[PDB]
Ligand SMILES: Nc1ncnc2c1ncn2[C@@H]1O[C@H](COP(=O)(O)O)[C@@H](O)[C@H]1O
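Consider the single chain below, provided in structure tokens and representing the form deposited without this ligand.
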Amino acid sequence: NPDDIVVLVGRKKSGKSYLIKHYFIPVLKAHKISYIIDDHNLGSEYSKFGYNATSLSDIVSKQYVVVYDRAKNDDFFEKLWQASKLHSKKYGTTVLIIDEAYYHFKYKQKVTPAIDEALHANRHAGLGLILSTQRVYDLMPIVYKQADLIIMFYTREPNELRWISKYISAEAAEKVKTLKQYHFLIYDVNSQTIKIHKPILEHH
């Protein structure tokens, strides 16, 4: 699980960050698994969850880190990835949590060596991924093939349902339409199963 690739999908205010904060992170902390949060702002809702990294070296050396990913050079992801791997050598298996995945895994973008490694060899690299995004069709289709879990909140948008049907599951597409707010569908890509989950309140 800690080295799984998990994708979270849903429009703004679906409850993705609340899931991160009260469903994923508490579970990681209970198992003493470290994490690196990549948040695209220059003051971030995640500031209480880790050290405010100002350099790549903070990413490597601090156990719990929040990366302020704004105004970085165009090749920032490969640097973040390098630093995260080095972080993992120091702290063991680590989860890289990406608040808006389209910045680094956008549909139709060039597949770089860092992207290839993150999608095809992340376990060996010692890094799990939580990729959060607003619209299903904003990410490279390979993300969905390589994911272990795809978590989806409500949508009735036809082009999104089309994507879900094509790259995930036709049954998932049907059920996502009737989700009530804060409920979410969990699609296990490995077992090809679907579980509908009740709203999260707090970790127990």
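Heads up: residue numbers just count along the shown sequence, starting at 1.
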Do a third or more of the other compared PDB entries fail to give coordinates for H120? no
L42 not built in a third or more of the other entries: yes
Quick check on the record: how many residues from the deposited sequence are absent from the model between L42 and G43 (none, 1 to 3, 4 to 9, 10 or more)? 1 to 3
When the Cα temperature factors in the entry are averaged, is it 149-157 or 173-181 that ends up higher? 173-181
Compare the mean C-alpha B-factor of 123-131 with that of 71-79 as given in the PDB entry, and name the stretch with the higher value. 71-79
How does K12 rank on Cα B-factor within its chain, lowest, middle or highest third? highest
Of the three thirds of the chain ranked by Cα temperature factor, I194 occupies the highest
Going by the recorded CA B-factors, say which third of the chain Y51 sits in, lowest, middle or highest. highest
Split the chain's modelled residues into thirds by Cα B-factor; is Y167 in the lowest, middle or highest one? highest
Among the modelled residues of its chain, the C-alpha B-factor of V143 falls in the third labelled middle
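Another form, the form deposited with this ligand bound, is not on view; read the next lines as being about it.
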Contact between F24 and this ligand in the deposited complex at 4.5 Å, heavy atoms? no
So in the deposited complex, is this ligand close enough to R11 to count as touching (4.5 Å, heavy atoms)? yes
Is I200 close to this ligand in the deposited complex, meaning a heavy atom pair under 4.5 Å apart or at it? yes
Pull the contact list for 18-51: residues with a heavy atom within 4.5 Å of this ligand in the deposited complex, in sequence order. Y18
